[PDB]
Structures are given as structure tokens and as C-alpha cells.
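Below is one structure, written out as C-alpha cells; the observations come after it.
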Amino acid sequence: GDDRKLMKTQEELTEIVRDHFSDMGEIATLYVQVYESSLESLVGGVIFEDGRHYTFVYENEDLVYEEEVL
């Protein structure tokens with residue numbers, strides 16, 4: 001009888017993404033635009049001081065990213 005499944009938090013999903021990019025440069029602004037309190041996913045891009053906006057999607061084990069270009 002199975003009601004003890006503990007998942008991530010808005011802390012943890014962000015702390016993964018933050019701890020990652022802290023090892024690859026310096027962030028002007030970090031935030032989340034979309035948080036899954038029901039799954040373990042994280043999107044909100046990331047903005048560097050140096051003017052490098054990237055999108056970022058942590059999906060399970062795929063940590064995909066790309067430049068923001070519209």
C-alpha cells in the first residue's frame with residue numbers, strides 16, 4: 001500500500017541546474033518559468049552577465065540547451 005513516493009522540489013530541480021552552470025560560468029539571473037511539482041523537470045533558460053541567453057531543459061537525464069534566437 002504505496003503512498004510514500006517522495007519527489008524533487010522547486011529547490012532541488014533549480015539546485016541541479018544552478019549547481020551545473022555554476023561550473024561553466026557566471027549567471028546574471030536564474031529563475032524558473034515552469035516548475036513541475038508533479039514530475040522532475042526544469043526550464044527557464046539562464047542569463048549570463050556577458051550577454052549569453054541560453055534555453056535549458058533538464059528532462060530526466062537529457063540536459064538539453066541551446067541559444068535563445070527567435
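Here the sequence shown is numbered in PDB author numbering, starting from 1 and rising by one per residue.
Positions of the beta carbon are idealized from the N, C-alpha and C atoms, including for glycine.
Please classify residue i: does DSSP put it in a helix, a strand, or coil?
i	result
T14	helix
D19	helix
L30	coil
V64	strand
Does residue i get closer than 8 Å to chain C when you measure Cβ to Cβ?
i	result
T55	Note that chain C does not occur in the displayed structure, where there is just one protein chain.
Check the DSSP bridge columns for residue i and list the partner residues they point to.
i	result
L42	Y35 and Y58
Alpha carbons only, please: which of the options is nearest the one belonging to residue i?
i	options	result
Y31	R4, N60 and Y54	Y54
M24	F48, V43 and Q33	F48
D50	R4, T29, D19 and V17	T29
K5	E68, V64 and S37	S37
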